[PDB]
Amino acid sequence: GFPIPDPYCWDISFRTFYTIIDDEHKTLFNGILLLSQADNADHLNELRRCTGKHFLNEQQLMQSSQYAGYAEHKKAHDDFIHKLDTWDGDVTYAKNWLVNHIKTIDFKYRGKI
């Protein structure tokens, strides 16, 4: 159970040490930040695009080293895409989801991929 940064932006406590990964993460934080300012279609498209792109790249990176925790990781990802495809305006959920996902699921692959 991790703190929710305020303002909702990436900080170095989220570093995975995979610079590509971290840079993509920065875009998810920003995506959620925009929704938190105006829940509209431009903002959701922006978050949705970045999310889909990051999840697939990250998935690719896991596959490249035949990561053993892939399947569970991909299912987490897919659930979240799914929430975005049926967006309900629950910004709070999203803020929480990302913090947790990174600090628990992503942090797990460090050193194995």
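One-based numbering along the sequence shown.
- The question of which stretch, 80-88 or 22-30, has the higher mean Cα B factor is settled in favour of 80-88.
- Averaged over Cα atoms, the B-factor as recorded in the entry is higher for 92-100 than for the other of 92-100 and 11-19.
- Take 57, 51, 66, 40 and read off each C-alpha B-factor from the entry; 40 has the highest.
- In the PDB entry, residue 44 places in the middle third of its chain by CA B-factor.
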